[PDB]
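Peer 1: Have a look at this one before I ask anything.
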Amino acid sequence: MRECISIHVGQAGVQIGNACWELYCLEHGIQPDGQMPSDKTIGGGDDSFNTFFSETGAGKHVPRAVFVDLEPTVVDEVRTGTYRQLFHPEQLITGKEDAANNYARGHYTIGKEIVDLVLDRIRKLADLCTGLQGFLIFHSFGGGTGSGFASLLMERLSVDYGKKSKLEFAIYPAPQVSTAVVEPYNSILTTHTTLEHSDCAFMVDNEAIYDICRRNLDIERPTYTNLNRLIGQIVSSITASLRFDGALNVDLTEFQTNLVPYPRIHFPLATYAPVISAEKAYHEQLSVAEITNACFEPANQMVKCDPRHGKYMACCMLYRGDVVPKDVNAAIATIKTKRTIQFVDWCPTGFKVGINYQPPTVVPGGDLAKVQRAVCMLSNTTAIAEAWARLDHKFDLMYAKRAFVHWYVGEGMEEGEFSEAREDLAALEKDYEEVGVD
Amino acid sequence: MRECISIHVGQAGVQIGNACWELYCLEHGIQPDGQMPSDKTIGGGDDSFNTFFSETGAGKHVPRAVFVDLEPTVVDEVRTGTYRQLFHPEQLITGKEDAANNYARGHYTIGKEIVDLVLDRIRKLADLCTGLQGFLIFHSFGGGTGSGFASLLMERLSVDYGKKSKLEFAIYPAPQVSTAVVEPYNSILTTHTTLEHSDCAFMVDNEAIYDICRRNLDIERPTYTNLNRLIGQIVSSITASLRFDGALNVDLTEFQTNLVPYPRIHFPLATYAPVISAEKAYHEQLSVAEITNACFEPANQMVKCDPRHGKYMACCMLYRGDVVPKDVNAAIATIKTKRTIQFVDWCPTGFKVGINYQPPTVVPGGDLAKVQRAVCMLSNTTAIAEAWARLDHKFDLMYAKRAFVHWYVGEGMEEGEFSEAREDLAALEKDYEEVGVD
Amino acid sequence: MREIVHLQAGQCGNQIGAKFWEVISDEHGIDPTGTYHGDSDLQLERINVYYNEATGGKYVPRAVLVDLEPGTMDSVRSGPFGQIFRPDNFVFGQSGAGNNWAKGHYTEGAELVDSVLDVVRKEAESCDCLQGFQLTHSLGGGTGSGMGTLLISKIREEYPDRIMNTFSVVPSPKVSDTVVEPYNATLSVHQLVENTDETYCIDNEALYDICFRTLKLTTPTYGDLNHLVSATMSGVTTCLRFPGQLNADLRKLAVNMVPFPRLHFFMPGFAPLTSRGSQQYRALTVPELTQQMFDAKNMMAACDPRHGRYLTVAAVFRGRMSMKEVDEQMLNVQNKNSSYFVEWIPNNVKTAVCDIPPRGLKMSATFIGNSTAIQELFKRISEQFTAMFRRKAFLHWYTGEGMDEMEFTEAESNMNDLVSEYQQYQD
Amino acid sequence: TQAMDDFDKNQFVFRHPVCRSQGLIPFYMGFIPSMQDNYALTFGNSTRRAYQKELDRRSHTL
Amino acid sequence: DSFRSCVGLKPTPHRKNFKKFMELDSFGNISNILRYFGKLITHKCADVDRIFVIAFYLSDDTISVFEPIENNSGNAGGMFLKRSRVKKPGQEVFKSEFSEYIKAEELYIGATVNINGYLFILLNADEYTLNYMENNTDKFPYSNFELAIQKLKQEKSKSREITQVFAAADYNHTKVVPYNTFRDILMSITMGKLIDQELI
Ligand SMILES: Nc1nc2c(ncn2[C@@H]2O[C@H](COP(=O)(O)OP(=O)(O)OP(=O)(O)O)[C@@H](O)[C@H]2O)c(=O)[nH]1
Ligand SMILES: Nc1nc2c(ncn2[C@@H]2O[C@H](COP(=O)(O)OP(=O)(O)OP(=O)(O)O)[C@@H](O)[C@H]2O)c(=O)[nH]1
Ligand SMILES: Nc1nc2c(ncn2[C@@H]2O[C@H](COP(=O)(O)OP(=O)(O)OP(=O)(O)O)[C@@H](O)[C@H]2O)c(=O)[nH]1
């Protein structure tokens, strides 16, 4: 039936996964123990959780996600949290040694004797599943353990299983903030390996997430709890089609088919419109028109790109809550009459609408608004090239003076792979303008 | 009716022994004294115990077994244990001297004056028995006392009574662990003597038992308490067909007829699939599909043999608990469709199914999980010759230099008996390869 | 006797048939439990045209539901009348379409066409003699077009002597949501013109406008839109089920309706659409019925035939009228705009009067038209296809499914021939 | 709300009146007392056999 | 399973809850299957010697009926039912609703029952079940002795009538009385309304 498996690689990609499942357990009323109240919803694992959790005859919801990590501290800490009894123990795949931010160390040195283990996990997850539309891979481009470890495993799950979807989600590196100067090294290493096997790679950047916080959510001082909850809401919105229904229902197969124009480029941009404070939502009102304008207001995007510097190809709005076809279709019709929004002439239409009756709920101890009509805006535009354009000139300078290569040639690589990725990136940029040129 | 006698040879085979009735009295609820409460199950000895115990008009459940031993220490301490009042005193056949790990010392020096005494027990228990389907022989190949004494009694019980089944159970020698370097001497002595008389010999190895403990049972440092309880369950599962009923009942006679393909080789392999810790079973689920994959998982077997290095002839699954044929016959159909599993082409069918409604139970102060659906996997594959292949090169070198022969030739042997064994073994591998040839 | 078996295809038809069937049950007065409440002998007399009967007086509908997505029919089954629908005819697949035409036309259909054909022939043997078949689906629907094109092709040789009624809704001209949408329609219409005998054309934009024009209720449900189209499709079916002097056979209609073989596209028409006060502010008279009947605002199908002219017109009147008012109105409409007809055919009107009104209103009518207003339709779909076939956007999927650009060439070429034909016969 | 409570939390207070049962889950790292010295019970139970006796003899746990 | 197919278009595998099976399970030396003991009823009694071992499995409600063989007779029996959960003897054959099965609200001491056919009569029990009976009286208000105190404290007129007649049975004031008289002398004062259970 309608189910998928979530994968969280990298200790930065694990805390995001926990919050999502903490959010996920909310709308289903999951008690931390693992069971419902005396209300009868348990069975052979067949109810709203069947797409998400495995509350089988034993009565305990088993999340259908695997947590993989290479440093035991944080994964032990969450294993000492509140919902650890929900979690399957050795789905929390831990590690005793780190990759030291090295892509290849997380790809060659230790991955060989760990991939076989997680290979056993996925197959014994694969057999119990029925439809298993695809996977939910949470990672990071500049992963201290996220980058290299994900790379090889995504290769192996591609070669055995090339018939289903693979959904990729990584924090995009901050264009001007770099916690490590080796971050470009592994990041382009990820991209060139992932271009020929990844299905749908979705990115996000924290600075504009921070920028949102103190703009409209009015958060001068945020925490990951805020970040994790809001991104956890994002995946909740896109997965609401699986949980609930609506006037029409859409699936990841449609998202793949209708968003990506041509092979290689599969990197659209998400955005959630009703990101407002409770008090602001209190004495103000929400309707489709303003959220349609707000979702297309350039400063509301979390990627530092000006849409007027590029051109639009695909769009996707997922209206969750109490909406009618009437106002939406007229509103987007006005958007088509807009002159600023420069779609490419190739597509007369480039939007996919998802209508869901269920309104997004609040979380206890939360900071979001009380939304009745919500929408997640997934779009792809030519205004994304400057990102890798920023990356390449950062790389070429450092590569020319070949900084810290002694670290990498020290443990077993050569320059050829680092060479290949550059023209691969050069291939990507030229494709972007070639399709950018009408 | 339905009964059998049990013989426990060697102080290795004794602690595994009492663990059986410590288990057995449990599901019967037998008090350590030997009597129930004021409730009624006593009589002429005709109820659930009639197949195992002898609870006559005296009202004391007398186990139908014999404990033969050559060192007074361990047999006296159990005679001072908890259930010693249950046990018949002189069926704890004790001895004052050891065989010193020597097969023939126990086979010639002292066995002659002890075998008559045990035979007096054997015939006297035979007379009181009515159906007496077969024998239970708990012994050990590497028997300090198990080796020699078991062989001679097996020889004597074979010649007078060769019309019934004889079930042998001995710990198989460890592939790489050697508690004694004289073990190869007496081990092949046992093998060559037993091939022409033994009906069904069943082996097991403790290292893989150890390996399971810290894989899923989460035992990083076990004791025989755990070890004996695991194997004690194994014989309990196979004997449940006699104790209870199910959809269909099977008997040891079917086990003999259907499992062994040809004479000589009667050495199948046993396995239990729902070996798991309690909490794992607590927040996970058991169903036929996953346990069927697990039971054919190569690391689930207690013998260091890779099934992909050999080929299968026979298999047996004993579903103890709540199962239905539908998901059973469907799942086993999927198993035969699998390509990695390599049965020999001669048998389109090589499996024997046992269905028992009674769910397996836990032991107070125990280690097993609370099991509803269980299965014992009695199977035979050609991949076992490696162990004998391991033994012969171990044996040929040490025989080439004739270590400790002056111990054996000192107390009354020569080389011809040793000499006959190597070609009898060499016959076994060549027989194994001829049956390995299609 | 002569009966009809219905086909419910595509996830749009999933709402259609349910709304279509419930009106009929309410029209005939069957309760949601299925036990009819016998009040009108004639509706008891003419229920065998569509429904078979089971034990206990529960009229089993002779319809087949087909889909791939379980969730849609679960809502349908959990609907007020799902119990009136059979677990038998609920046929579906274990696959997601991706809203892909090729998958539903070559990949997923293969293992399901066998089952659906085995189904329909079972109820085909259940009944005596069919007039034909009708299909509720969409030309732009990923599953509806994919299933329909396969099925209608197979049915053609199976029973080449019956009626292949096709009820398909055209997507919004301005907006299509689906971006491969022009591909799917062009693919389907290539086979549709070959296989069908009749086609209804429906669009939501006019339905949205009709909400603004006469419904006047700002925010309606899409189900009420189905209520509208179900009312339209029911009117043509009222002819068969009801007595009163009007000739009901669609073949009685189609031969008068179809001058040349390749004319399959026809537009609906309906009678009084009434608003807030107009219920008590209307003098319900055949003149004003005829007035509102022939209104470009009362038009709902595709676009205004004001851009073109009229080939064949046929209106069915339901209620207690007489031969003269229909006669004089036809004279009235003939004189008002004589030149707007085509000189090819004079007196090109076909009138049928049903004396059995609906339950709720007395004076009612339906209209079916074939005008020169479809040029803009396939002319519209021409430009997108040319521009999107110009640079073969969104093509790696279908080639991965096994199709090639060549199949596109004749599909548009056939449509181009239709452009000339619709142009040449009028201009 | 909380930071303003600090005013009432400090100002006039500062002024003075001028005066689990089922242990834990396996493969857990991080040394709590005892453990490996005692053995022969499952990681779940080993934690919960300890959990009751970690309150008894290795009581230096707070 | 008829109602499993009566769930939706797709089937579902219902089962029995492990919860009730967990607590209600004979574990270790502790048993849970109650064992009562009674006779049969016919036109004339022949083999009422076999005290029927009716074994209501508290985890499965599956009354096993066992027989102890008597010296020199034609019994040669034992088990009568293979631990089968048995249908209520008050049902139909054309069924339209969930049919019912024998619960635990009828096996009072001195009961009359039918296991699908032969009418069976209960006389006594074992102590262990009665110990369980006295523990949880939620489903066993008969085991509530204080309840029986109210029924018999209702009657006040028979006070002297009580005093003399049960005085009449005694003759030496020995401060004991046999059960046989004691049970009989009570059945009248309740006018045949006392059930054996509370008398025990
Ligand atoms: N996805 C995510 N990223 C974070 C979070 N907090 C910080 N980051 C950034 O994401 C990057 C994660 O990459 P890595 O640090 O290599 O993570 P790793 O590969 O699992 O191994 P470590 O270096 O030990 O964390 C960090 O460099 C941070 O800059 C977070 O909560 N979630
Ligand atoms: N069956 C069994 N074997 C054990 C146990 N503990 C250790 N072993 C192994 O089993 C073998 C015991 O064989 P023997 O030492 O010859 O036993 P025996 O002939 O009865 O007399 P002893 O030498 O005194 O023990 C040893 O090699 C151990 O490796 C146990 O509890 N049961
Ligand atoms: N049932 C239903 N269909 C709608 C509605 N609004 C628009 N539609 C369209 O009706 C079309 C026909 O439905 P189907 O043929 O069953 O669609 P499909 O083959 O499953 O694939 P898609 O066309 O992508 O949905 C769909 O493409 C929808 O775009 C609505 O409110 N209800």
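Order determines the names: the first chain of the structure tokens is A, the second B, and so forth; residues in each chain are numbered 1 upward, and ligands are numbered 1 upward as they are shown.
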Output the contact residues of chain A with respect to chain E at a cut-off of 12 Å, based on only C-alpha atoms, as a list in words.
Peer 2: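 In the required form, that comes to residues 1, 38, 40, 42, 43, 44, 45, 46, 47, 56, 57, 58 and 59 of chain A.
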Peer 1: When the cut-off is 9 Å and we count only C-alpha atoms, which residues of chain C are near chain E, given as a PyMOL selection string?
Peer 2: chain C and resi 74+77-78+87+90
Peer 1: Residues up to 9 Å from ligand 3, counting only C-alpha atoms and all ligand atoms: could you list those as a PyMOL selection string?
Peer 2: (chain A and resi 247-250+254+325) or (chain C and resi 9-16+67-69+72+96-101+104+137-148+168-171+176-178+181+184+204+221-223+225-226)
Peer 1: Identify every residue of chain B that has at least one atom within 7 Å of any atom of chain D, counting only C-alpha atoms, and report the result as a list in words.
Peer 2: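 Written out as asked, the residues are residues 217, 218, 219, 221, 222, 223 and 279 of chain B.
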Peer 1: What does the structure give for the distance between atom CA of residue A:389 and atom CA of residue A:301, in Å to one decimal?
Peer 2: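 Atom CA of residue A:389 sits 19.1 Å away from atom CA of residue A:301.
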Peer 1: Please identify all protein, DNA and RNA residues within 7 Å of ligand 1, counting only C-alpha atoms and all ligand atoms, and report them as a list in words.
Peer 2: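 If we count only C-alpha atoms and all ligand atoms, the neighbours of ligand 1 turn out to be residues 9, 10, 11, 12, 13, 15, 16, 69, 71, 98, 100, 101, 139, 140, 142, 143, 144, 145, 146, 147, 170, 171, 179, 180, 224 and 228 of chain A.
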Peer 1: Only residues of chain B matter here; which ones have an atom within 9 Å of chain A, counting only C-alpha atoms? Give them as a ChimeraX atom specification.
Peer 2: /B:280-286,289-290,293
Peer 1: Put those residues in a file: N, CA and C atoms, as a PDB file, in the first residue's frame.
Peer 2:
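So the final result, stored in result-v2.pdb, reads:
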ATOM      1  N   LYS B 280      12.722  -6.939  22.868  1.00  0.00           N
ATOM      2  CA  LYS B 280      12.621  -6.979  21.413  1.00  0.00           C
ATOM      3  C   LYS B 280      11.291  -7.573  20.974  1.00  0.00           C
ATOM      4  N   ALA B 281      10.936  -8.737  21.520  1.00  0.00           N
ATOM      5  CA  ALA B 281       9.623  -9.305  21.237  1.00  0.00           C
ATOM      6  C   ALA B 281       8.509  -8.422  21.780  1.00  0.00           C
ATOM      7  N   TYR B 282       8.784  -7.668  22.844  1.00  0.00           N
ATOM      8  CA  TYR B 282       7.779  -6.811  23.456  1.00  0.00           C
ATOM      9  C   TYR B 282       7.320  -5.712  22.507  1.00  0.00           C
ATOM     10  N   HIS B 283       8.255  -4.976  21.910  1.00  0.00           N
ATOM     11  CA  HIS B 283       7.885  -3.889  21.014  1.00  0.00           C
ATOM     12  C   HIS B 283       8.155  -4.200  19.546  1.00  0.00           C
ATOM     13  N   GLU B 284       8.294  -5.472  19.185  1.00  0.00           N
ATOM     14  CA  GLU B 284       8.256  -5.913  17.796  1.00  0.00           C
ATOM     15  C   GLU B 284       7.260  -7.061  17.661  1.00  0.00           C
ATOM     16  N   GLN B 285       7.141  -7.583  16.444  1.00  0.00           N
ATOM     17  CA  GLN B 285       6.108  -8.551  16.116  1.00  0.00           C
ATOM     18  C   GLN B 285       6.724  -9.800  15.506  1.00  0.00           C
ATOM     19  N   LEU B 286       6.069 -10.930  15.749  1.00  0.00           N
ATOM     20  CA  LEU B 286       6.441 -12.204  15.157  1.00  0.00           C
ATOM     21  C   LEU B 286       5.328 -12.673  14.228  1.00  0.00           C
ATOM     22  N   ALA B 289       6.340 -14.923   8.106  1.00  0.00           N
ATOM     23  CA  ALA B 289       7.203 -14.475   7.019  1.00  0.00           C
ATOM     24  C   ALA B 289       8.611 -14.171   7.514  1.00  0.00           C
ATOM     25  N   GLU B 290       8.731 -13.328   8.542  1.00  0.00           N
ATOM     26  CA  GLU B 290      10.059 -12.919   8.987  1.00  0.00           C
ATOM     27  C   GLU B 290      10.804 -14.057   9.671  1.00  0.00           C
ATOM     28  N   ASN B 293      12.266 -16.247   7.003  1.00  0.00           N
ATOM     29  CA  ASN B 293      13.524 -15.725   6.485  1.00  0.00           C
ATOM     30  C   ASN B 293      14.645 -15.903   7.499  1.00  0.00           C
TER      31      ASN B 293
END
Peer 1: Compare A:437, A:252, A:295, A:331 by their minimum atom-to-atom distance to chain C, counting only C-alpha atoms, and give me the closest one.
Peer 2: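 Answer, going by the shortest atom-to-atom distance: A:252.
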Peer 1: Excluding residue A:322 and its own-chain neighbours fewer than 5 positions away, which residues fall within 9 Å of it when counting only C-alpha atoms? Please give them as an MDAnalysis selection string.
Peer 2: chainID A and resid 355:359 372:374
Peer 1: Using DSSP assignments from the backbone, pull out every residue in stretch 259-405 of chain A that falls under helix (DSSP H, G or I) and give it to me as an MDAnalysis selection string.
Peer 2: chainID A and resid 259 278:282 288:295 298:300 307:309 325:337 382:400 405
Peer 1: Write the residues of the selection above to a file with C-alpha atoms, as a PDB file, in the first residue's frame.
Peer 2:
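Done, and the output landed in part-v1.pdb:
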ATOM      1  CA  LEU A 259       8.623  18.787 -11.230  1.00  0.00           C
ATOM      2  CA  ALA A 278       0.276  33.347  17.002  1.00  0.00           C
ATOM      3  CA  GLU A 279      -0.521  36.908  18.084  1.00  0.00           C
ATOM      4  CA  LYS A 280      -0.144  38.096  14.489  1.00  0.00           C
ATOM      5  CA  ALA A 281      -2.451  35.287  13.390  1.00  0.00           C
ATOM      6  CA  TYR A 282      -4.674  36.247  16.342  1.00  0.00           C
ATOM      7  CA  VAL A 288      -5.634  32.303  -0.210  1.00  0.00           C
ATOM      8  CA  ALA A 289      -4.856  35.638  -1.870  1.00  0.00           C
ATOM      9  CA  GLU A 290      -2.320  37.061   0.584  1.00  0.00           C
ATOM     10  CA  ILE A 291      -0.644  33.716   1.283  1.00  0.00           C
ATOM     11  CA  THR A 292      -0.356  33.283  -2.487  1.00  0.00           C
ATOM     12  CA  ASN A 293       1.371  36.667  -2.657  1.00  0.00           C
ATOM     13  CA  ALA A 294       3.424  35.956   0.472  1.00  0.00           C
ATOM     14  CA  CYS A 295       4.572  32.535  -0.750  1.00  0.00           C
ATOM     15  CA  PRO A 298      11.195  36.629  -2.681  1.00  0.00           C
ATOM     16  CA  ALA A 299      12.369  37.353   0.877  1.00  0.00           C
ATOM     17  CA  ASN A 300      10.185  34.487   2.151  1.00  0.00           C
ATOM     18  CA  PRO A 307      13.806  34.945  -8.666  1.00  0.00           C
ATOM     19  CA  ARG A 308      14.065  38.068 -10.831  1.00  0.00           C
ATOM     20  CA  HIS A 309      17.668  37.044 -11.551  1.00  0.00           C
ATOM     21  CA  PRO A 325     -11.272  25.460  -5.682  1.00  0.00           C
ATOM     22  CA  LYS A 326     -12.906  28.808  -6.517  1.00  0.00           C
ATOM     23  CA  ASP A 327     -10.674  31.341  -4.770  1.00  0.00           C
ATOM     24  CA  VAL A 328      -7.504  29.326  -5.429  1.00  0.00           C
ATOM     25  CA  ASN A 329      -7.992  29.012  -9.188  1.00  0.00           C
ATOM     26  CA  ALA A 330      -8.850  32.700  -9.578  1.00  0.00           C
ATOM     27  CA  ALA A 331      -5.948  33.691  -7.319  1.00  0.00           C
ATOM     28  CA  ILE A 332      -3.370  31.668  -9.244  1.00  0.00           C
ATOM     29  CA  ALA A 333      -4.956  33.009 -12.437  1.00  0.00           C
ATOM     30  CA  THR A 334      -4.065  36.499 -11.222  1.00  0.00           C
ATOM     31  CA  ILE A 335      -0.571  35.164 -10.504  1.00  0.00           C
ATOM     32  CA  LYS A 336      -0.361  34.100 -14.150  1.00  0.00           C
ATOM     33  CA  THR A 337      -1.359  37.655 -15.069  1.00  0.00           C
ATOM     34  CA  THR A 382      17.165  29.087 -13.067  1.00  0.00           C
ATOM     35  CA  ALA A 383      17.955  31.503 -10.200  1.00  0.00           C
ATOM     36  CA  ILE A 384      19.829  28.686  -8.435  1.00  0.00           C
ATOM     37  CA  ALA A 385      22.983  28.640 -10.598  1.00  0.00           C
ATOM     38  CA  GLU A 386      24.775  31.320  -8.550  1.00  0.00           C
ATOM     39  CA  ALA A 387      24.932  28.843  -5.659  1.00  0.00           C
ATOM     40  CA  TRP A 388      27.276  26.437  -7.436  1.00  0.00           C
ATOM     41  CA  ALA A 389      28.715  29.490  -9.184  1.00  0.00           C
ATOM     42  CA  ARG A 390      29.600  30.665  -5.684  1.00  0.00           C
ATOM     43  CA  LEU A 391      30.887  27.172  -4.895  1.00  0.00           C
ATOM     44  CA  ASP A 392      33.159  26.790  -7.919  1.00  0.00           C
ATOM     45  CA  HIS A 393      35.211  29.974  -7.497  1.00  0.00           C
ATOM     46  CA  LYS A 394      35.589  29.035  -3.840  1.00  0.00           C
ATOM     47  CA  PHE A 395      36.810  25.621  -4.975  1.00  0.00           C
ATOM     48  CA  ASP A 396      39.096  26.713  -7.820  1.00  0.00           C
ATOM     49  CA  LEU A 397      41.120  29.062  -5.605  1.00  0.00           C
ATOM     50  CA  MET A 398      41.571  26.462  -2.868  1.00  0.00           C
ATOM     51  CA  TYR A 399      42.104  23.623  -5.358  1.00  0.00           C
ATOM     52  CA  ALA A 400      44.747  25.657  -7.195  1.00  0.00           C
ATOM     53  CA  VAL A 405      45.097  17.632   0.203  1.00  0.00           C
TER      54      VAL A 405
END
Peer 1: Pick out the chain A residues within 6 Å of chain C. Count only C-alpha atoms. Give them as a list in words.
Peer 2: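 Filtering chain A at 6 Å from chain C with only C-alpha atoms gives residues 253, 254, 261, 349, 351 and 352 of chain A.
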Peer 1: Residues of the last selection are to be written out with C-alpha atoms, as a PDB file, in the first residue's frame.
Peer 2:
ATOM      1  CA  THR A 253       5.445   9.635  -8.260  1.00  0.00           C
ATOM      2  CA  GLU A 254       3.576  12.695  -9.537  1.00  0.00           C
ATOM      3  CA  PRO A 261      12.085  19.063 -16.478  1.00  0.00           C
ATOM      4  CA  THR A 349       1.687  25.778 -17.060  1.00  0.00           C
ATOM      5  CA  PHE A 351       2.205  24.404 -11.187  1.00  0.00           C
ATOM      6  CA  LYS A 352       0.888  21.356  -9.304  1.00  0.00           C
TER       7      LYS A 352
END
Peer 1: Would you work out the distance separating atom CA of residue A:82 from atom CA of residue A:23, expressed in Å to one decimal?
Peer 2: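 About the pair atom CA of residue A:82 and atom CA of residue A:23: they are 13.3 Å apart.
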Peer 1: For stretch 8-20 of chain D, list every protein, DNA or RNA residue within 12 Å, evaluated using only C-alpha atoms, and leave out those in the same chain fewer than 6 positions away; present the list as number ranges by chain.
Peer 2: A: 33, 80-82, 84-85; D: 1-2, 44-45, 47-52, 54-55
Peer 1: Excluding same-chain residues fewer than 5 positions from stretch 177-181 of chain E, what lies within 10 Å of it counting only C-alpha atoms, as a list in words?
Peer 2: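 Skipping anything fewer than 5 positions along the chain leaves residues 166, 169, 170, 186 and 200 of chain E.
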Peer 1: Would you mind exporting the chosen residues as a PDB file, in the first residue's frame, restricted to N, CA and C atoms?
Peer 2:
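As a result, again-v2.pdb now contains:
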ATOM      1  N   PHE E 166     -33.363 -25.243  65.217  1.00  0.00           N
ATOM      2  CA  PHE E 166     -31.952 -25.613  65.217  1.00  0.00           C
ATOM      3  C   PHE E 166     -31.480 -25.941  66.631  1.00  0.00           C
ATOM      4  N   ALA E 169     -32.443 -29.923  66.785  1.00  0.00           N
ATOM      5  CA  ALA E 169     -31.497 -30.886  66.226  1.00  0.00           C
ATOM      6  C   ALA E 169     -30.426 -31.258  67.246  1.00  0.00           C
ATOM      7  N   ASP E 170     -29.890 -30.266  67.948  1.00  0.00           N
ATOM      8  CA  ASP E 170     -28.923 -30.533  68.998  1.00  0.00           C
ATOM      9  C   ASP E 170     -29.605 -31.177  70.202  1.00  0.00           C
ATOM     10  N   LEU E 186     -31.054 -25.177  56.539  1.00  0.00           N
ATOM     11  CA  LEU E 186     -31.016 -23.846  55.941  1.00  0.00           C
ATOM     12  C   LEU E 186     -31.903 -23.751  54.704  1.00  0.00           C
ATOM     13  N   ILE E 200     -21.904 -22.808  50.936  1.00  0.00           N
ATOM     14  CA  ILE E 200     -20.514 -23.217  51.118  1.00  0.00           C
ATOM     15  C   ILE E 200     -19.708 -22.090  51.750  1.00  0.00           C
TER      16      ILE E 200
END
Peer 1: Output as a ChimeraX atom specification all residues of stretch 31-217 of chain A that backbone DSSP marks as strand (DSSP E).
Peer 2: /A:65-68,92-93,134-140,165-171,200-204
Peer 1: Leaving out residue A:230 and any residue of its chain fewer than 2 positions from it, which residues lie within 10 Å of it when counting only C-alpha atoms, given as a PyMOL selection string?
Peer 2: chain A and resi 16+19-20+23+209+224-228+232-236+272+275+367-368
Peer 1: I need the chosen residues saved as a PDB file, in the first residue's frame, with C-alpha atoms.
Peer 2:
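Just written: selection-v4.pdb:
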ATOM      1  CA  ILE A  16      15.965  16.733  12.570  1.00  0.00           C
ATOM      2  CA  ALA A  19      11.674  16.220  15.857  1.00  0.00           C
ATOM      3  CA  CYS A  20       9.783  15.060  12.762  1.00  0.00           C
ATOM      4  CA  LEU A  23       5.810  15.950  15.452  1.00  0.00           C
ATOM      5  CA  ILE A 209      15.378  30.305   8.221  1.00  0.00           C
ATOM      6  CA  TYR A 224      17.368  24.058  16.758  1.00  0.00           C
ATOM      7  CA  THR A 225      14.093  23.102  18.450  1.00  0.00           C
ATOM      8  CA  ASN A 226      12.546  25.938  16.460  1.00  0.00           C
ATOM      9  CA  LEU A 227      14.478  24.980  13.318  1.00  0.00           C
ATOM     10  CA  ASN A 228      13.736  21.270  13.701  1.00  0.00           C
ATOM     11  CA  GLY A 232       9.556  18.951  10.628  1.00  0.00           C
ATOM     12  CA  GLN A 233       6.379  20.793   9.701  1.00  0.00           C
ATOM     13  CA  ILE A 234       7.637  21.003   6.105  1.00  0.00           C
ATOM     14  CA  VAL A 235       7.967  17.241   5.700  1.00  0.00           C
ATOM     15  CA  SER A 236       4.714  16.826   7.630  1.00  0.00           C
ATOM     16  CA  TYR A 272       5.763  27.338   3.407  1.00  0.00           C
ATOM     17  CA  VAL A 275       4.837  31.257   8.746  1.00  0.00           C
ATOM     18  CA  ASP A 367       5.826  28.808  18.597  1.00  0.00           C
ATOM     19  CA  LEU A 368       4.009  28.609  15.236  1.00  0.00           C
TER      20      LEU A 368
END
